[PDB]
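Input: a single structure, listed below in structure tokens.
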Number of protein chains: 2
Amino acid sequence: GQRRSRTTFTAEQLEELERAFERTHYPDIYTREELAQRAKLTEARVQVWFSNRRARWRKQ
Amino acid sequence: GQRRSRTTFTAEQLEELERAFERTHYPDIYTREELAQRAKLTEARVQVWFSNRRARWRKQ
DNA sequence: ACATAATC
DNA sequence: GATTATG
DNA sequence: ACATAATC
DNA sequence: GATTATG
């Protein structure tokens, strides 16, 4: 029942991610893949980040 | 708003997957990773497959 | 503890 | 995305 | 069309 | 996992 360990993002990765979010809250597959590449993340990690970021935004 | 294209599984991959499901409907991260490796899939694709397989099982 | 990553 | 669970 | 992969 | 959407 073990789950994946919480990922820690580098300041640098967060930059790229926050940069993308500023442009769009719902990046398409193309955008998520290129961002994953740039950030040295998996597309899965990127998708999860965006879901969680949207949550934070609305929580405001 | 483009989404990832539907993945097609080889008969061989399905074998491994169905084999795993038979053992457990909720494989842990360890199991999903090793299965991804064996099957030449991403762990993301494996996780999604298991969710969808559970749905089929209950639909019965 | 809680902010937020992972699950489903 | 609502819920669960952890670095 | 629908079975089932992807989204969120 | 409920919902959305496609090979």
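The figures that follow rest on heavy atoms only: side chains count, while hydrogens, waters and symmetry mates do not. Note on naming: letters A, B, ... go to the chains in the order of the sequence lines (proteins, then strands), and numbering restarts at 1 for each one.
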*Both distances under 3.5 Å, Watson-Crick or G-U wobble: does C:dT4 pair with F:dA5?*
no
*C:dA6 phosphate, OP1 or OP2: any side-chain N/O from A:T7 under 4.0 angstrom?*
yes
Expected rows: protein N/O vs nucleotides 1-3 of chain E N/O, under 3.5 Å:
none

*Any salt bridge between A:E43 and B:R3, counting N to O under 4.0 Å?*
no
*A:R45 side chain N/O closer than 4.0 Å to the phosphate oxygens (OP1, OP2) of C:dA6?*
yes
*Answer yes if D:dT4 and C:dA5 form a Watson-Crick or G-U wobble pair with both distances under 3.5 Å, and no otherwise.*
yes
*So what does B:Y26 touch, heavy atoms closer than 4.0 Å: a base, only the sugar-phosphate, or nothing?*
sugar-phosphate
_Cation over ring face, B:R32 and B:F50, 6.0 Å, 45°_ = no
*Would C:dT7 and F:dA2 pass as a Watson-Crick or G-U wobble pair if both distances have to be under 3.5 angstrom?*
no
*asked:* Suppose you measure atom P in F:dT6 against the same atom in C:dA3; what distance do you get, rounded to whole Å?
replied: 38 Å
*If we take the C1' atom in both E:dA5 and D:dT4, what is their distance in whole Å?*
24 Å
*When you check the phosphate oxygens OP1 and OP2 of C:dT7, does a side-chain N or O of B:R32 lie under 4.0 Å from one of them?*
yes
*Pairing check, F:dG7 versus E:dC2: Watson-Crick or G-U wobble, both under 3.5 Å?*
yes
_Between C:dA3 and F:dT6, do both key distances fall under 3.5 Å for a Watson-Crick or G-U wobble pair?_
no
*Hey, which sits more toward the 5' end of DNA chain D by its nearest nucleotide, A:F50 or A:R4?*
A:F50
*For A:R3, report the nucleic acid contact type (base, sugar-phosphate, nothing); a contact means any heavy atom under 4.0 Å.*
base
_Hydrophobic cluster identity match, B:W57 and B:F9, side-chain contacts under 4.5 Å_ = yes
